[PDB]
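In structure tokens, one chain follows: the form deposited in one PDB entry.
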């Protein structure tokens, strides 16, 4: 899964209306020695370019990862649709609990079959009434 991916869809959390995702850059996934994953992506949130970087540490359970010393737990399941993955995670952001589902794919273009799969995952996670944001794609970040 190493290489470039795109954040194609995501459930929006009601806990941080102060944080609005305006645009997102491509995502770079680099496979760490040991089975871990490094996800890098820059997000234009409320005017500022935030460079995000997460180190996903493997666990005894396939598809399950942790980060920030277990303070963040994530599940990465292959989508029924080729070149897509459904990402789910629970954690804390600024001391406030947060969880969401994200759709990532090799191609930035909208794929309705993948979106349907993503929507089914959001339903399974208990987030089906939350807003869904199909983010604007950008090659770079600039306010």
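The term rigid core refers to the maximal set of C-alpha atoms that superpose within 1.5 Å between the two forms. Positions refer to the first chain, counted from 1.
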*Look over 73-81 and 97-105 in the entry and identify the one with the greater average Cα temperature factor.*
73-81
*Going by the average Cα B-factor in the PDB entry, point out whether 32-40 or 84-92 comes out higher.*
32-40
*Report the third (lowest, middle or highest) to which the CA temperature factor of residue 114 belongs, ranking only the modelled residues of the same chain.*
lowest
*Name the third of the chain's ranked CA B-factors that contains residue 19, choosing lowest, middle or highest.*
highest
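Below, we turn to the form deposited in another entry, even though it does not appear here.
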*Compare the position of the CA of residue 79 between this form and the one not shown after a rigid core fit and state whether the shift reaches 2 Å.*
no
*Core-aligned CA displacement of residue 116 at least 2 Å between this form and the one not shown*: no
*Is residue 26 one of the residues whose C-alpha moves 2 Å or more between this form and the one not shown after the core fit?*
yes
*Hey, the CA atoms of residue 25 and residue 65 end up closer or farther in the other entry than in the shown form, with the change being 3 Å or more?*
closer
*Mind checking the CA-CA distance of residue 52 and residue 101 in the other entry? It differs by 3 Å or more from this form, so is it closer or farther?*
farther
